[PDB]
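One structure is given below, encoded as structure tokens.
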Amino acid sequence: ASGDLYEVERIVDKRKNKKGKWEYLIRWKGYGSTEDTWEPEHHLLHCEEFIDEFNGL
Amino acid sequence: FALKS
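Line by line, the protein sequences are chains A and B.
Residue numbers for the first sequence follow my numbering, beginning at 4 and rising by one.
Residue numbers for the second sequence follow my numbering, beginning at -2 and rising by one.
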């Protein structure tokens, strides 16, 4: 079974997995740095605005 | 939202 869906505040960092796909270090809304977790990109639901903000212009 | 593992 999946972990629960939690609300995202922002993306803190990113890295490639062994298969060449992004993982994102997530700042969870209502939490701080202590609670950040690395999540594969396929865990993200409609989070393109957070990815685009992180990557910048 | 995202799945938190």
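Positions of the beta carbon are idealized from the N, C-alpha and C atoms, including for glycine.
When rounded, the separation of the alpha-carbon atoms in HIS49 of chain A and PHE(-2) of chain B is 7 Å. When beta bridges are read from the DSSP output, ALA(-1) of chain B appears opposite A:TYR9, A:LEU47. Only those residues of the region 12 to 35 of chain A whose C-beta falls short of 9 Å from the nearest C-beta of chain B are listed: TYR27, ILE29, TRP31. Bridge partners of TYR27 of chain A according to DSSP: A:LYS17, A:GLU42. Contacts with chain B at 7 Å (Cβ-Cβ) do not include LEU60 of chain A.
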